Amino acid sequence: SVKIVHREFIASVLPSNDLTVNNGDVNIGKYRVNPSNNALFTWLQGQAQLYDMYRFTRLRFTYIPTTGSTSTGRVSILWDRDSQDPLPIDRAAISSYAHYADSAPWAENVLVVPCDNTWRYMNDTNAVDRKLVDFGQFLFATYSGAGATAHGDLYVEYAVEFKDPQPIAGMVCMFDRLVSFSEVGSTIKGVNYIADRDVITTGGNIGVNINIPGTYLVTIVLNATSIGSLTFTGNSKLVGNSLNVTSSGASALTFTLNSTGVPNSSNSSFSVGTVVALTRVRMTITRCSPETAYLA
Amino acid sequence: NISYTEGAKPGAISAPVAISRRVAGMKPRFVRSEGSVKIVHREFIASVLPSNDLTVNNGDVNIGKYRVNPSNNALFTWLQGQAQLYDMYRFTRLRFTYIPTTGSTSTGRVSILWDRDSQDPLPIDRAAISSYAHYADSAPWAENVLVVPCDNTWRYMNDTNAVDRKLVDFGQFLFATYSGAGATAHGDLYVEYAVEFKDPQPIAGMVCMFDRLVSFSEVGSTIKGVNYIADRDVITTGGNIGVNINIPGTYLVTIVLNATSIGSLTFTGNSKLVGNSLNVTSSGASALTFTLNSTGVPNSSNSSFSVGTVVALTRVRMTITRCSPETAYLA
Amino acid sequence: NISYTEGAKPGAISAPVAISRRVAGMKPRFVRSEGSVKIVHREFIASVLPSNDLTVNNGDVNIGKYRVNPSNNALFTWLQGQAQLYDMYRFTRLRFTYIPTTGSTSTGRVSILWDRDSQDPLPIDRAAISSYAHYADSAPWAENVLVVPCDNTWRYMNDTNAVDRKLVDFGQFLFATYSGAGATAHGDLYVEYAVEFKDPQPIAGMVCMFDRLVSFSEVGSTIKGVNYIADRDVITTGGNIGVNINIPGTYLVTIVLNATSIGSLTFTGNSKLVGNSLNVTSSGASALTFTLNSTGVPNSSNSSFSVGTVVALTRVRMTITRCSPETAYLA
Amino acid sequence: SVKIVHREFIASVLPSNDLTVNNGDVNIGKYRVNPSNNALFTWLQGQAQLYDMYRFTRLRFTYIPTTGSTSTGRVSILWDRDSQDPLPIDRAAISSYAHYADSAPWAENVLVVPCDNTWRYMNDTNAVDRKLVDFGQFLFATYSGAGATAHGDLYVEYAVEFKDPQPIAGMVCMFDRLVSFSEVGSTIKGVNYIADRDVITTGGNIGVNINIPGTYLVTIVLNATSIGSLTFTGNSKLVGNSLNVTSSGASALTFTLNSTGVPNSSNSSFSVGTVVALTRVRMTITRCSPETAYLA
Amino acid sequence: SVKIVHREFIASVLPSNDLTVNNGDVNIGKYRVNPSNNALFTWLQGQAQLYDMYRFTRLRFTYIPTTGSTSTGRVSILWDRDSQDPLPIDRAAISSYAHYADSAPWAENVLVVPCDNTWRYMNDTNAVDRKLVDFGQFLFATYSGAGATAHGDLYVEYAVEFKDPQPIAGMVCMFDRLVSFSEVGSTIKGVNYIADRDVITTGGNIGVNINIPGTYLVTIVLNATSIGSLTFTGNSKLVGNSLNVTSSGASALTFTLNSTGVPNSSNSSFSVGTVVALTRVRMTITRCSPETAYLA
Ligand SMILES: [Ca+2]
Ligand SMILES: [Ca+2]
Ligand SMILES: [Ca+2]
Ligand SMILES: [Ca+2]
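Chains as they are written, first to last, in the deposited numbering: chain B, 95 to 390; chain C, 60 to 390; chain C', 60 to 390; chain B', 95 to 390; chain B'', 95 to 390. A prime marks a further copy of an entry chain.
Given below as structure tokens:
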């Protein structure tokens with residue numbers, strides 16, 4: 095009924111010698127094809143939030159190199175119609191799939207997925223049998239490569255129908271960890287900018303990784319005796335001014351950053367250091383534009 | 060698009076920085092057959108790793124690793140599943156394809172070979188690899204193909220561990236390489252086939268069972284079921300047990316050791332533990348179950364999994380099954 | 060040959076002492092399809108056991124035991140193997156056939172039913188079994204057939220343990236019986252089908268993984284992989300563990316118990332141990348591996364296998380895989 | 095207007111040497127063809143309760159053996175268009191009817207009734223001239239047989255029209271006997287699961303017979319000094335737990351049972367024994383599924 | 095080259111409620127289709143011994159009832175082209191085979207096996223990969239039955255070619271058990287009349303079961319202090335006279351018996367009782383006619 099067509103950036107593919115699916119992210123639905131999934135639909139989610147159901151009419155995944163011709167290996171692009179199926183573990187398994195394509199890192203590539211006629215629900219975040227609410231899942235892989243500089247970028251282009259206007263689902267993500275209970279696990283609500291493993295909370299450090307490209311507004315409230323420095327030594331850069339309030343027992347930082355989306359295992363998107371007796375982390379992340387950055 | 064090359068007169072040859080070919084998924088075709096069904100399909104095998112000294116099959120010492128039999132998942136990741144269901148097979152078309160994944164700067168030789176006898180020893184010298192009747196040689200940066208002309212003998216899927224494999228296999232694929240350098244692979248190997256299956260049967264079974272009387276000898280064993288490992292893949296010596304699953308994929312393992320005591324279970328080679336590993340040790344006997352993912356690339360010094368500091372090892376009985384990671388044990 | 064019946068005028072009906080029909084093997088046909096392949100085939104299900112009180116599915120209490128899904132080996136002993144290889148399926152023709160194996164002297168009712176909802180509870184009363192839209196009733200000594208009209212919805216093989224099975228299954232077959240007597244079965248049940256498979260995929264896996272936090276509750280569990288058992292099939296109470304594999308065939312089991320001590324492993328119900336059973340007990344944890352053959356007919360009081368005299372049972376983690384008896388452990 | 099088609103089980107035919115109509119039940123309307131009559135329409139009543147009028151378009155009665163070929167005698171199936179006519183008493187009278195069929199107990203049999211165009215009222219329970227509200231009555235008979243094991247089962251298959259949605263008539267039956275006044279007679283309201291003769295109230299025993307197949311929820315409240323045991327030695331089995339409250343002067347039992355429907359003259363569907371000074375029996379019976387059985 | 099056609103009896107099928115393959119015999123090659131296999135070719139072996147190779151041209155298995163029409167259950171007949179494949183364990187597996195047939199115990203049945211063009215070797219007794227020397231294996235099964243009286247008999251009818259005359263393999267079987275080492279295991283040479291499990295050697299008894307129909311000449315030499323009685327309480331009857339020599343330390347019995355071939359789990363084909371300190375059993379069994387029976 096409401097007919098949208100668009101093309102949008104998904105992720106940059108990091109080189110790897112061993113097989114690496116989805117840049118090393120282990121989660122099964124990472125790129126479930128559902129417009130709510132902001133990891134796949136970096137742009138569409140902003141519209142998806144306003145509607146109840148979707149149906150893809152055309153759908154293709156594109157790979158455009160950003161690397162040199164002397165880069166070795168391959169980049170695989172891949173679609174499984176079962177969004178709950180496990181990630182493949184070896185290169186041969188990738189070739190077992192009906193819908194995949196594979197090429198040099200220096201070559202453009204495309205994977206066309208034939209769409210069906212069935213409508214499915216926009217929210218999949220409550221749903222348990224997610225295959226019934228997703229039009230499969232996208233996956234990418236790379237192997238036989240080397241280097242820190244990404245091979246190329248993946249994109250999704252589609253024509254999709256949305257069905258029913260609804261109260262907005264919103265563009266905000268809320269994260270909450272009771273670190274006093276455990277340094278892992280959390281309650282996450284709203285849009286899936288981050289997943290539990292993306293917030294590292296250990297050894298007197300807090301690192302959070304926004305591994306989805308874009309500009310975001312964050313507010314972290316920290317329950318902790320004292321904190322040290324906010325740093326941006328990873329895939330993100332501070333936009334405008336950072337607003338920091340520190341007290342004995344609690345701290346709040348709010349700022350908008352610009353993430354490259356590409357995961358970094360050494361440096362988080364932002365980190366806060368020398369953190370003493372962290373009991374609780376509560377946070378809010380919202381995709382936005384840079385126009386609303388805080389001023390000096 | 061075709062471009063004109065600067066500085067070439069007509070009919071020149073050129074070397075580009077790299078050559079490639081797109082590979083796309085193609086669902087299997089099913090065709091008319093004397094038997095139950097003919098499958099026309101295409102499967103990825105492995106990536107040729109570079110080495111200075113001549114190595115075959117990325118260093119796997121197992122004779123017939125890529126034996127041509129539908130029940131061999133080292134060669135057919137998918138056809139293995141299909142083999143389960145039938146008694147006999149016949150290959151109709153068989154070809155092996157090499158796609159380079161490295162630049163034209165890379166040195167070396169890549170040889171893709173087929174030996175009609177699947178039990179023949181692996182070659183080690185440059186004269187040998189060049190002397191196979193069914194051969195194809197190229198630089199590692201060039202495309203290559205080997206077409207094996209098929210016969211019309213039906214063979215059994217060996218699901219009863221035939222001792223003279225050559226009589227149940229349609230030879231063996233193998234690849235060799237030398238004078239290469241660097242960490243990254245030269246290129247990829249595919250098998251493309253047309254295969255007939257004859258007689259429907261109950262599923263053959265996905266399980267491998269290994270049994271060694273270490274008290275008799277540190278070498279030799281009984282292996283029944285799917286051949287994920289060979290004897291030499293299980294090392295039992297010097298207070299260590301090492302098991303090498305040198306075929307890629309996910310495997311459920313249960314290993315039961317007759318031994319006074321054992322140390323740590325380590326995953327220090329080609330495999331990673333999936334979820335939790337379940338360990339039960341007693342005086343005189345130990346048991347471990349876990350499921351692992353293996354890259355399947357052989358390692359000289361670090362097994363897929365090892366058990367350390369093991370005392371008076373008398374017996375190893377183990378069960379290995381290809382499976383899904385979904386089925387891993389919980390914490 | 061046709062005979063004349065003594066004492067009948069034209070057009071009479073007669074009851075013979077017994078009625079039968081020869082059944083012969085027919086290899087599966089493979090046919091043109093919107094998807095990858097259409098299989099036309101025929102498989103044996105079970106034999107209807109006699110009972111006085113109304114029993115369904117030979118007493119199996121598991122809802123949806125004969126759920127119509129190619130990955131359910133309780134209904135498809137062979138198609139299960141085929142299901143491994145694809146994502147989605149569609150039944151095109153479906154019929155269930157009853158052949159009597161008892162004389163016309165035998166009393167009772169045999170009802171063959173199909174319920175469009177595979178999660179619906181089993182019926183217990185004569186009004187219920189008679190009220191299914193898709194039903195077929197006969198005396199136990201008579202032939203019968205139930206034709207289920209198929210739709211054209213594609214469904215997923217549930218290889219990720221869907222919670223709302225009804226949305227991945229094409230309903231459930233079930234059979235009921237009452238007012239029978241004696242030890243021997245009434246007759247045999249077959250499924251005859253035409254089924255399309257859509258999307259080729261890596262093998263789904265043949266393993267079932269069961270995990271119960273007994274310390275939390277003696278009931279409930281996590282089950283991943285193939286559904287050989289349901290929660291109620293694993294009994295953990297009163298110093299006993301009982302596991303009921305109520306689907307026929309051969310299974311590899313590894314069971315790891317978090318418990319202070321355990322007693323004997325017994326095979327006292329529908330299953331027999333194959334070869335040797337490997338047992339390792341310690342203070343706080345025990346592990347058993349063995350492979351069994353199960354008749355799959357449910358038993359109220361004696362599990363497929365049991366572990367007796369178990370103390371402070373905290374946790375059961377177990378792995379069950381359909382396999383070949385060839386793979387049993389050695390003495 | 096609302097068009098229903100169905101097939102459903104009626105009763106199992108018990109063998110008999112002498113002629114036995116309707117398994118020995120003496121009542122004239124037993125199987126009046128009216129969708130309210132749960133003795134004939136074991137399934138349809140659940141829908142009938144919601145509508146005012148009915149018209150049968152197709153109607154046939156089926157007999158499927160459950161006995162052996164060595165069983166002697168005959169099973170007669172029979173339709174009288176006058177639902178108030180007396181039951182036949184001898185075999186020859188059965189053959190006087192225009193619409194009957196008769197066969198061996200070991201043979202399937204069918205009786206097709208040609209339907210008319212007239213609408214009649216769903217409730218017949220107030221009505222006196224019941225022939226004007228019923229489309230005749232069904233009867234079955236058997237003779238020249240022997241044994242305790244039933245010959246076979248009867249079924250009704252029909253296509254029926256319902257006309258007007260109404261407030262539900264309900265699926266509950268309420269029984270009430272002032273046994274202090276008399277050990278027979280009663281007020282029965284709602285659906286006809288039982289009739290007076292089905293509740294035996296004598297010699298310190300209470301037996302109730304639900305001779306219509308199905309699963310039921312019951313609650314009996316007993317006015318009596320003391321009671322003994324609840325037993326299930328007849329055509330019914332307890333489903334789940336029985337809830338029993340006993341006091342001096344009154345008792346209440348509530349439970350769901352599963353009835354085979356086949357009458358037993360020695361053992362009732364349920365019995366309560368050693369009952370002292372029974373003054374009153376009040377009871378509630380409701381067809382249901384076994385999912386609502388009480389728990390231990 | 096030498097063309098033989100014949101029909102011969104294999105075994106009688108004993109009734110069983112649970113599934114029972116090959117009358118409960120557990121061994122994988124029991125009825126491998128190879129003319130040396132006297133368990134399948136009760137008659138042909140006598141010719142097979144003189145030739146090197148065989149090829150079946152026509153091959154069918156027949157079942158002829160010997161039971162009554164009131165016998166319940168089914169008899170399955172079955173051919174696997176892989177003579178090393180395990181026996182099926184459940185009834186559904188039997189139906190997975192391409193070549194099987196299944197019928198009532200009271201009905202004749204046939205299974206036609208389509209033969210191939212390949213020659214294979216007559217001796218399979220040395221061979222390890224027996225599938226390469228056998229033309230598959232025959233199996234039979236029964237279930238859903240009861241009784242001690244056999245359902246019916248199985249037969250094989252074939253047209254077979256033999257190729258090269260050789261020195262005779264012989265019709266004698268030699269059995270040897272060192273019971274002092276173990277009460278199980280043995281060396282068996284020559285024709286497969288018996289297998290290890292067929293000679294029970296325990297609790298002061300010796301029982302041997304010839305579960306292949308025919309007339310045989312036996313000689314058992316026993317290393318034992320003393321022995322008691324030779325009895326024939328099973329599937330075999332003494333033909334003519336039994337010749338018994340007993341001494342301190344050793345005994346010898348020689349006799350010809352007539353076996354019905356049908357296995358009996360309570361009584362062996364012949365037994366020798368009250369056996370004291372059995373160290374060794376050595377025995378010779380030879381198919382023959384009754385004309386050579388010993389005289390009184
Ligand atoms: Ca085989
Ligand atoms: Ca086979
Ligand atoms: Ca799937
Ligand atoms: Ca999949």
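Just so it is clear, CB atoms sit at the ideal spot from N, CA and C, and this is done for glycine as well.
Nearest candidate by alpha-carbon position, reference residue i, set the options
i: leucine 205(C); options: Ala235(C), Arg168(C), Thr243(C) and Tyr157(C); result: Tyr157(C)
i: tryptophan 137(C); options: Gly167(C), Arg168(C) and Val99(C); result: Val99(C)
i: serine 320(B); options: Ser274(B), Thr368(B) and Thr281(B); result: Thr368(B)
i: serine 190(C'); options: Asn121(B'), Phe103(B') and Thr378(B'); result: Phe103(B')
i: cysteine 382(B); options: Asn317(B), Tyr310(B) and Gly334(B); result: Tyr310(B)
i: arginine 101(C'); options: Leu337(B''), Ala192(B''), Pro180(B'') and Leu372(B''); result: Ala192(B'')
i: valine 222(B''); options: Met216(C), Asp174(C), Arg154(C) and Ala221(C); result: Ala221(C)
i: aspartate 179(B'); options: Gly230(B'), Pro129(B'), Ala142(B') and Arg185(B'); result: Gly230(B')
i: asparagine 358(B); options: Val370(B), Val315(B), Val312(B) and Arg291(B); result: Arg291(B)
i: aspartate 258(C); options: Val273(C), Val96(C) and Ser130(C); result: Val96(C)
i: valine 250(C'); options: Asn329(C'), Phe275(C') and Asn131(C'); result: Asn131(C')
i: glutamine 141(B'); options: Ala346(B'), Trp200(B'), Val127(B') and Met216(B'); result: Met216(B')
Beta-bridge pairing of residue i - partner residues as DSSP gives them
i: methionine 147(B'); result: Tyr215(B')
i: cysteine 267(C'); result: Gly284(C') and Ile379(C')
i: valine 96(C); result: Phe256(C)
i: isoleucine 188(B'); result: Note: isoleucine 188(B') sits in no beta bridge, so no partner.
i: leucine 324(C'); result: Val366(C')
i: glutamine 231(C); result: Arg126(C) and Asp174(C)
i: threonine 114(C); result: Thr236(C)
i: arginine 154(C); result: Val206(C) and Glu251(C)
Own chain partners of residue i with C-beta closer than 8 Å, once the 5 adjacent residues on each side are dropped
i: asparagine 203(C'); result: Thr156, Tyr157, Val169, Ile171, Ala195, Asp196 and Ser197
i: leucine 226(C'); result: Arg214
i: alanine 244(C'); result: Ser106, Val107, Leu108, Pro109, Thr160 and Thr161
Nearest-angstrom beta carbon gap, residue j and residue i [assumed within contact, 8 Å]
i: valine 266(C); j: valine 285(C); result: 7 Å
i: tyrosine 148(B'); j: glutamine 260(B'); result: Rounded, the Cβ-Cβ distance is 12 Å, inconsistent with contact.
i: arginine 224(B); j: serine 177(B); result: 5 Å
i: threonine 236(B); j: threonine 340(B); result: With 8 Å as the limit, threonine 236(B) and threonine 340(B) do not qualify as a contact, their Cβ atoms being about 42 Å apart.
Cutoff 6 Å; reference residue i; Cβ partners in own chain excluding five residues on either side
i: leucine 153(C'); result: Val207, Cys209 and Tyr252
i: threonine 327(B'); result: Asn361
7 Å Cβ shell around residue i - same chain, five flanking residues per side excluded
i: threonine 166(C'); result: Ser238, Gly239 and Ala240
Under 6 Å, CB to nearest heavy atom of ligand 2: contacting residues | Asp146(C), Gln260(C), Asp174(B''), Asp176(B'') and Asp179(B'')
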